[PDB]
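# Structural characterization, general
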Amino acid sequence: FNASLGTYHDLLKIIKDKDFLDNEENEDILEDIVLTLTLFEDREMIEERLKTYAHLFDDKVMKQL
DNA sequence: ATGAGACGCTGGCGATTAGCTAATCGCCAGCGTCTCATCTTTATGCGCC
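Quick summary incoming for the structure in this document. (Residues numbered from 1 in each chain as written, not as in the entry; some residues may be left out. Chains lettered and ligands numbered in written order. Part of a larger assembly, values for the part shown. Heavy atoms only, no water. Residues with missing side-chain atoms left out of burial classes, pairs and counts.)

## Things to note about the overall build of chain A
- Counting secondary structure elements, chain A contains five helices and zero strands.
- Seen in sequence order, chain A has helices and strands lined up from the N terminus as α-α-α-α-α.
- If you line up chain A on its principal axes, its C-alpha atoms span 35 × 20 × 20 Å. (Helix = DSSP H or I, 4+ residues; strand = E, 2+ residues; numbered from the N terminus.)

## Considerations on the environment of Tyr-53
- If you trace the backbone, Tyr-53 turns up in the loop between α4 (43-49) and α5 (59-64).
- In the structure, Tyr-53 is positioned 20 residues away from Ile-33 in sequence and 8.8 Å away in space, judged by C-alpha atoms.
- Discounting residues that sit within four places of it in the chain, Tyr-53 has contacts with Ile-29, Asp-32, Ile-33 and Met-62.
- Of the polar contacts made by the side chain of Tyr-53, one reaches the side chain of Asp-32; its length is 3.2 Å. (Contact = heavy atoms within 4.5 Å. Polar contact = N/O pair within 3.5 Å; in protein donor to acceptor, adjacent residues only side chain to side chain.)

## Concerning unusual backbone geometry
- With a phi close to 55°, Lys-16 is a non-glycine residue in the positive phi region.
- Its place among the elements puts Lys-16 in the loop between α1 (6-14) and α2 (18-22).

## Regarding the environment of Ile-46
- Structurally, the position occupied by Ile-46 is in helix α4.
- Separated by 18 residues in sequence, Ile-46 and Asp-28 place their C-alpha atoms 17 Å apart.

Here you go:
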């Protein structure tokens with residue numbers, strides 16, 4: 001197969017919570033997170049853009065993301 | 001009741017005196033890197049009005 005679902009497996013291996021990615025209601029948060037991880041590279045900048053989403057994942061998980 | 005009108009070696013040299021583009025060819029040309037990201041686009045691989 002040409003197509004695949006790599007981001008889903010990356011998230012499930014990083015955040016270790018399948019329920020968030022499988023949830024349809026979470027897709028806006030997911031698109032914004034992908035947007036942040038794509039638009040930026042600097043750890044401090046990514047960390048600042050995602051301070052609003054630090055309550056859904058552990059700080060160590062916030063580090064890994 | 002007299003006193004003007006009629007004007008040269010130059011040309012052919014040397015020998016100063018002064019002055020100017022052009023034709024031929026050769027040489028020789030600032031360059032070195034990295035990072036970072038960014039987009040494209042191509043080779044192959046899959047579908048019928």
